[PDB]
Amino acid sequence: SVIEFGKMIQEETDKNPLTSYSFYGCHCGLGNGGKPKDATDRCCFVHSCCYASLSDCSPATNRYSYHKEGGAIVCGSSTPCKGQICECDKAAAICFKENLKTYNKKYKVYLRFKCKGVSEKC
């Protein structure tokens, strides 16, 4: 579910998930199309490809089981949907953290009409 995703983002990046990441560049959140802007936008791309692949699981609503024990996020659900959604959410949150060193505040609320250029096959 998205609030679990939100928590993971917080722990890794220390930024507020909705105001930092929901409207970032071309491919964060509801980000339809356009060439990715930077490593962060790309983190967001791969996470969409992650979620679409799990469409049946309803990844935005589906609560799973995870813990941040000893530096790492461990995905502790047994069943596939919950097993894999968590993996996606982790995969992104750690992606953001290691790409903070180029987090660009002028992409935070990016005007997406500037995200022109043919779409990216998942």
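The first residue of the shown sequence is 1; numbering continues from there.
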As stated in the PDB record, which stretch has the larger average Cα B-factor, 28 to 36 or 48 to 56?
28 to 36
Select between 108 to 116 and 18 to 26 the stretch whose C-alpha atoms have the higher average B-factor in the entry.
108 to 116
Between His67, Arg42, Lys97, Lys82, where does the Cα B-factor run highest in the record?
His67
Which third of the chain does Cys88 land in by C-alpha B-factor: lowest, middle or highest?
lowest
Compared with the other modelled residues in the chain, in which third is the CA B-factor of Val74?
lowest
